[PDB]
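These notes are about the structure you will find just below.
Methodologically, a virtual Cβ is constructed for each residue, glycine included, from the backbone with ideal geometry; neighbour enumeration extends over all protein chains shown. What follows draws every value from the coordinates through simple rules; no lab data is involved.
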Amino acid sequence: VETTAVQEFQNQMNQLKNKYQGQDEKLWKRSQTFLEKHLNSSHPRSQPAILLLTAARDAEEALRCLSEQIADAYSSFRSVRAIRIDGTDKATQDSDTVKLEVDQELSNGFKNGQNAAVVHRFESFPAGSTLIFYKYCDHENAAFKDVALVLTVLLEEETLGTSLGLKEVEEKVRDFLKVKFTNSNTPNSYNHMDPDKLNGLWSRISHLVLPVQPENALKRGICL
Amino acid sequence: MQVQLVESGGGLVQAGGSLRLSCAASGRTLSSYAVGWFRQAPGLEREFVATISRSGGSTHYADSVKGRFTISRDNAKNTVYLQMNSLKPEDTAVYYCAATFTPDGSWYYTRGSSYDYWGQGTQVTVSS
């Protein structure tokens, strides 16, 4: 049955749908169904809500805005914004150092009243640092189960077009991350990627993968 | 190559008896995987039975089988076991072994949705 948390969530998502009219209907339908179910789920929860949004280059600004505003919509009943993390801010960096930074940022927020995070540009984290998402995204042993994490992946393709089905979009994201995380892997890091760890990460963050379309009213770079 | 699971040890027993299910893993080292046993009878929901961490150090059991069943693993022989004692008709079902990678040696999984690999199942029938 529907809660006041969900009614606030729906209030905010309705506004988003009205502001961003260039999206696939299934973006809104499937993300709301997924996140409401988590918000409505009984305690104890077994897993955080983990939503993966992706986009091609021609939709970079929509990806950034809609991911953060959907995460804030999840938290609106709590009158706090989602935690913001950005992988473009981490790429040149020592993997173990980045892992400590991400862990501190997420844990500090989640311990102190915040219940969602947006993880922008997940593909740009140094590969080994992304092992921190086992702590936060594991199927049953995650550190905070009563939260949402919205992750984004910005593809290097110029456009997705509107013809792709979700299975093809998911394969694109999976394949692209495998390339990015192999490229940025540093085996001499304490935390380093390997094939089983990479597939395990993919399994834990790919529950719901949705594409985001361009919004010309965003080229401004200011969210609506 | 992905890991492959093959369960054996099923069969028919009268209530009160015992069975020992085994699952042999091929293609990958079993020590890579947390392992779970699940069971399903016709028309009913698949049920968690037991689970064991990669190290063997951590286990968990369904309330209905605790004290009767014991999950264990022999990573050297790439095999996992489910000792089933004091069997009851309520235990009749097809039993499946499942495996899933995790980087933490103590973590286990009690939900089937957590598991990537499954065996073909072995029938366990407990007569009344």
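Distance from the C-alpha centroid of the stretch A:188-209 to that of the stretch A:3-59: 24 Å, rounded to the whole angstrom. May I ask for log10 I(q)/I(0) of the protein assembly as shown at q = 0.10 Å⁻¹, from a Debye sum over the Cα atoms as equal point scatterers with solvent left out? Log10 of I(q)/I(0), two decimals: -0.69. The distance linking the stretch A:125-140 with the stretch B:37-109 is 27 Å (Cα centroid to Cα centroid, whole angstrom). Loop-located trypsin sites (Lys or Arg not before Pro) in the stretch B:1-95 (DSSP state other than H, G, I, E, B) with a sparse environment of at most 11 neighbouring Cβ atoms within 10 Å: B:66. Over the protein assembly as shown, DSSP H runs of length four or greater, each weighted -39,500 (n - 2.57), average out per residue to a 222 nm ellipticity of -9000 deg cm²/dmol. The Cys residues in chain A with no partner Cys Cβ within less than 4.7 Å of their Cβ are A:137. GNM remark for chain A: springs join alpha carbons under 10 Å apart, and the peak mean-square fluctuation among A:68, A:36, A:123 falls on A:36.
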